[PDB]
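Following: one structure in structure tokens, then a few remarks.
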Amino acid sequence: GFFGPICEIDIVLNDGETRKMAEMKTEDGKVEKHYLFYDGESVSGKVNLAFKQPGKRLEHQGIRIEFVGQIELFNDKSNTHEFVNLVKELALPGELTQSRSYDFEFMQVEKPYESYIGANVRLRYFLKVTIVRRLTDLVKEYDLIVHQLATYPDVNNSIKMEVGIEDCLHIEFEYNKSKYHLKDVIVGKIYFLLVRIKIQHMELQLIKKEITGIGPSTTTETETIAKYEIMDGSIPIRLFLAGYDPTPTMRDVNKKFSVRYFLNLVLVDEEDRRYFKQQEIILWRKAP
């Protein structure tokens, strides 16, 4: 809110009217809406600097606009990795005396990673206007969201996961895929191969792990996205992802950040003993 009464910085995209706005659920329980972009698309528009009152001035050492793709870690070192930064100088040192607008166009912009808002990390893209000044610079950011579309073979090669303790409990879970899209469905069955104990309560879990930092600084957030009970006392299984709106798997993004999903089979007996097994599955976003 610096110099609000004097002037306003407004950033406007040339093609906003026909460009969709994606939503991103932040943890604060809020919902952000920003224009959706894809890798390779051009980013162009205008920067409007409008004076509200007459006879006012703003001395500066230059004005520019940057397109920024950033991975920001929320640790004590505030580790930030800018994987993309395009700059366009808009004005040389001088002073703003009257409302002015500047056109800009970043062409065929590389946006290699999908946007992400996590617990200890966020990967975001944004336009940033900076008016350099002797004291604090005036800055205006304009957030954009980037989705990454993919396509896989979609083969039907089942997968097997085994749980238990030898000569006590042996369970097998066979599901149809290694990879699923955000609205896909997981299909499989839990075969019992030996039950020397009393199966009190068991369930299939869809677990999310967000890994940040590296070395002695490696942080990990684990969240359960879905529980598929089967408790009770050869049981088919069908789990619909659409109902949870997960985010895609993000792996080859950066040495300091990954998001992976895992299927977790948990079995507990009357004696309260826990038998578990975990296997990773890859979630991806399918083109319309």
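Each chain of the structure tokens is named A, B, ... in the order shown, its residues numbered from 1; ligands are numbered from 1 in display order.
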Backbone-only DSSP, strand (DSSP E) members of range 47-160 of chain A, as a PyMOL selection string: chain A and resi 47-51+58-60+63-73+80-91+94-96+100-106+116-117+121-131+138-146+159-160
Restricting the output to C-alpha atoms, write the selected residues as a compact mmCIF listing (two decimals), in the first residue's frame.
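Output saved as selection20.txt:
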# COMPACT_ATOMS: atom_id res chain seq x y z
CA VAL A 47 1.63 -2.34 -17.53
CA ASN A 48 -0.56 0.63 -16.69
CA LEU A 49 0.83 3.19 -14.28
CA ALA A 50 -2.02 5.59 -13.61
CA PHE A 51 -1.63 8.73 -11.51
CA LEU A 58 7.83 9.78 -8.77
CA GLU A 59 11.60 9.78 -9.16
CA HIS A 60 13.07 6.37 -9.97
CA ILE A 63 11.30 0.44 -14.36
CA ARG A 64 11.19 -3.15 -15.64
CA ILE A 65 8.90 -6.17 -15.74
CA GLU A 66 10.07 -9.73 -15.29
CA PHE A 67 8.49 -13.10 -15.89
CA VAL A 68 9.53 -15.31 -13.01
CA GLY A 69 9.27 -19.04 -12.36
CA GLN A 70 10.28 -19.76 -8.73
CA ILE A 71 10.65 -22.61 -6.22
CA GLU A 72 10.45 -21.15 -2.74
CA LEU A 73 11.34 -23.22 0.37
CA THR A 80 14.68 -19.75 -3.30
CA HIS A 81 15.43 -21.20 -6.74
CA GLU A 82 14.45 -19.13 -9.77
CA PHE A 83 14.38 -21.55 -12.69
CA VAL A 84 13.16 -18.90 -15.10
CA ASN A 85 13.64 -15.15 -15.24
CA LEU A 86 12.99 -13.03 -18.29
CA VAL A 87 13.44 -9.30 -18.08
CA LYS A 88 12.22 -6.41 -20.17
CA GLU A 89 13.37 -2.90 -19.26
CA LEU A 90 10.40 -0.52 -19.54
CA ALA A 91 11.84 2.86 -18.61
CA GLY A 94 13.92 9.42 -14.59
CA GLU A 95 10.57 10.45 -13.16
CA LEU A 96 6.93 9.62 -13.70
CA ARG A 100 1.61 5.89 -18.70
CA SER A 101 1.23 2.36 -20.05
CA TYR A 102 3.94 0.05 -21.37
CA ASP A 103 3.52 -2.97 -23.63
CA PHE A 104 5.50 -6.13 -23.05
CA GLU A 105 5.75 -9.51 -24.64
CA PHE A 106 7.73 -12.51 -23.53
CA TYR A 116 2.41 -26.02 -6.59
CA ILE A 117 1.40 -24.76 -3.17
CA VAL A 121 7.23 -25.20 -0.32
CA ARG A 122 5.62 -23.41 -3.22
CA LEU A 123 6.53 -23.35 -6.91
CA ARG A 124 4.99 -20.29 -8.56
CA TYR A 125 5.10 -18.23 -11.71
CA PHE A 126 4.43 -14.52 -11.80
CA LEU A 127 5.03 -11.23 -13.56
CA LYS A 128 6.83 -8.65 -11.50
CA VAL A 129 7.02 -4.94 -12.03
CA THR A 130 9.83 -3.16 -10.23
CA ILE A 131 10.25 0.58 -10.00
CA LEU A 138 7.96 -0.21 -5.62
CA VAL A 139 7.00 -3.74 -6.62
CA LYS A 140 3.87 -5.31 -8.07
CA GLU A 141 3.46 -9.02 -8.65
CA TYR A 142 0.84 -10.66 -10.86
CA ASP A 143 0.48 -14.42 -10.28
CA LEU A 144 -0.06 -16.96 -13.05
CA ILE A 145 -0.72 -20.70 -12.76
CA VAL A 146 0.92 -23.30 -14.99
CA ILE A 159 1.10 -54.54 -10.08
CA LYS A 160 1.57 -56.55 -6.90
Spatial neighbours of range 198-205 of chain A, max dist 10 Å, only C-alpha atoms, sep filter under 4 positions, as number ranges by chain: A: 169, 173, 190, 224-233, 237, 239, 262-278
Once you have the residues from the selection above, write them out as a compact mmCIF listing (two decimals), in the first residue's frame, restricted to N, CA and C atoms.
# COMPACT_ATOMS: atom_id res chain seq x y z
N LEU A 169 0.93 -63.90 8.76
CA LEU A 169 -0.05 -63.23 7.90
C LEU A 169 0.60 -62.90 6.56
N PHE A 173 -1.97 -57.77 -2.80
CA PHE A 173 -2.85 -56.77 -3.38
C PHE A 173 -2.39 -56.51 -4.80
N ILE A 190 -7.60 -57.75 -3.01
CA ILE A 190 -6.76 -58.21 -1.92
C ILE A 190 -6.93 -59.70 -1.65
N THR A 224 -2.57 -38.09 4.48
CA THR A 224 -3.39 -39.17 3.98
C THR A 224 -4.50 -38.56 3.15
N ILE A 225 -4.50 -38.85 1.85
CA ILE A 225 -5.52 -38.31 0.95
C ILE A 225 -6.81 -39.13 0.97
N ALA A 226 -6.69 -40.44 1.14
CA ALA A 226 -7.87 -41.30 1.17
C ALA A 226 -7.65 -42.61 1.91
N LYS A 227 -8.69 -43.05 2.60
CA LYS A 227 -8.68 -44.30 3.35
C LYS A 227 -9.78 -45.15 2.75
N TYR A 228 -9.46 -46.40 2.42
CA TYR A 228 -10.41 -47.32 1.82
C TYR A 228 -10.54 -48.52 2.75
N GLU A 229 -11.35 -48.39 3.79
CA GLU A 229 -11.54 -49.47 4.76
C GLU A 229 -11.98 -50.80 4.15
N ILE A 230 -11.64 -51.88 4.85
CA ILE A 230 -11.96 -53.25 4.44
C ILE A 230 -11.97 -54.11 5.70
N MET A 231 -11.92 -53.45 6.85
CA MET A 231 -11.89 -54.09 8.17
C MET A 231 -12.58 -55.45 8.27
N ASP A 232 -13.79 -55.46 8.83
CA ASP A 232 -14.57 -56.68 9.00
C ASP A 232 -13.84 -57.72 9.86
N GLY A 233 -13.81 -58.96 9.38
CA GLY A 233 -13.14 -60.02 10.12
C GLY A 233 -12.17 -60.79 9.25
N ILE A 237 -11.43 -54.18 -5.21
CA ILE A 237 -11.17 -52.82 -4.78
C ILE A 237 -11.27 -51.82 -5.93
N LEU A 239 -11.12 -47.54 -6.23
CA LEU A 239 -10.97 -46.23 -5.59
C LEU A 239 -10.98 -45.15 -6.65
N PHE A 262 1.65 -42.60 -2.66
CA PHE A 262 1.90 -44.00 -2.35
C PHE A 262 0.63 -44.71 -1.91
N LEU A 263 0.53 -45.99 -2.28
CA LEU A 263 -0.60 -46.82 -1.85
C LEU A 263 -0.07 -47.53 -0.59
N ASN A 264 -0.82 -47.44 0.50
CA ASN A 264 -0.39 -48.02 1.76
C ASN A 264 -1.41 -49.01 2.33
N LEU A 265 -1.04 -50.29 2.42
CA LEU A 265 -1.92 -51.33 2.96
C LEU A 265 -1.64 -51.51 4.44
N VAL A 266 -2.63 -51.24 5.28
CA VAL A 266 -2.46 -51.35 6.72
C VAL A 266 -3.39 -52.41 7.32
N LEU A 267 -2.80 -53.37 8.04
CA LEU A 267 -3.55 -54.46 8.65
C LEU A 267 -3.28 -54.53 10.14
N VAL A 268 -4.34 -54.54 10.94
CA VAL A 268 -4.20 -54.62 12.39
C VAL A 268 -5.00 -55.80 12.92
N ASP A 269 -4.48 -56.48 13.94
CA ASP A 269 -5.16 -57.64 14.52
C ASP A 269 -5.69 -57.35 15.93
N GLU A 270 -6.46 -58.29 16.47
CA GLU A 270 -7.03 -58.16 17.81
C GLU A 270 -5.96 -57.88 18.85
N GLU A 271 -4.74 -58.33 18.58
CA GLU A 271 -3.63 -58.12 19.49
C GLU A 271 -3.05 -56.72 19.31
N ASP A 272 -3.65 -55.98 18.38
CA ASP A 272 -3.26 -54.60 18.08
C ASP A 272 -1.96 -54.44 17.29
N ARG A 273 -1.47 -55.54 16.71
CA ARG A 273 -0.24 -55.47 15.93
C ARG A 273 -0.53 -54.93 14.54
N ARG A 274 0.40 -54.13 14.02
CA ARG A 274 0.23 -53.49 12.72
C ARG A 274 1.15 -54.03 11.61
N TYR A 275 0.55 -54.39 10.48
CA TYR A 275 1.26 -54.93 9.33
C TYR A 275 1.00 -53.97 8.17
N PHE A 276 2.07 -53.40 7.61
CA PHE A 276 1.92 -52.42 6.55
C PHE A 276 2.91 -52.61 5.41
N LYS A 277 2.58 -52.02 4.27
CA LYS A 277 3.45 -52.05 3.10
C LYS A 277 3.11 -50.83 2.25
N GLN A 278 4.14 -50.22 1.68
CA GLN A 278 3.94 -49.01 0.89
C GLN A 278 4.55 -49.09 -0.49
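Considering only C-alpha atoms, the residue among A:188, A:5, A:57, A:283 positioned nearest to residue 241 in chain A is A:283.
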Å distance separating CA of residue 213 in chain A from CA of residue 248 in chain A, one decimal place: 19.6 Å
